[PDB]
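Derivation of every value follows stated rules applied to the coordinates shown; laboratory data play no part. Here the Cβ positions follow ideal geometry from the backbone for every residue, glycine too, while neighbour counts run over all protein chains shown.
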Amino acid sequence: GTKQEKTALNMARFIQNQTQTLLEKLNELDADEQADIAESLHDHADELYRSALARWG
Amino acid sequence: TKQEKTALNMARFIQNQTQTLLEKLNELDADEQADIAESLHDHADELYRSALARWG
């Protein structure tokens, strides 16, 4: 990857981790409405990170 | 509550990150990745919307 590609990979890694952290926070709030969306959010973040990692990592 | 506001703000920060990463991927040759990021961003917008309705 170029430097720009690596910056995008790093940001995808960050969102993967940050979405896991927000999911845990919502689960502690027993905020089911939000945690339901957050789980799907984190799944897409994981998918994107793995996709970027394969390509530029 | 402090805990609720922490989660709302984190949702907003994730929304900003997902918009930023979708734009970066669109700027790169990254169709496969940008397609995923479109859905990722729609989820971050919906989570922020929902959390704002509840805790804003």
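Residues in the range A:3-15 carry Karplus couplings, in order, of 4, 4, 4, 5, 4, 5, 4, 5, 5, 4, 4, 4, 5 Hz; the curve used is 6.51 cos²θ - 1.76 cosθ + 1.60 with θ = phi - 60°, and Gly or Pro positions show x. Seen against the Cα atoms of chain B and their longest principal axis, helix B:31-55 is set at about 10 degrees. Taking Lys and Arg as +1 and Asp and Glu as -1, the other residues whose beta-carbon sits under 11 Å from that of residue B:9 total +3.
Relative contact order of chain B: what whole-number percent is it, with Cα pairs under 8 angstrom and at least 6 residues apart? Can you show the working numbers first?
Details: 33 pairs, mean separation 29.4, N = 56.
Once normalised by length, the contact order is 52 percent.
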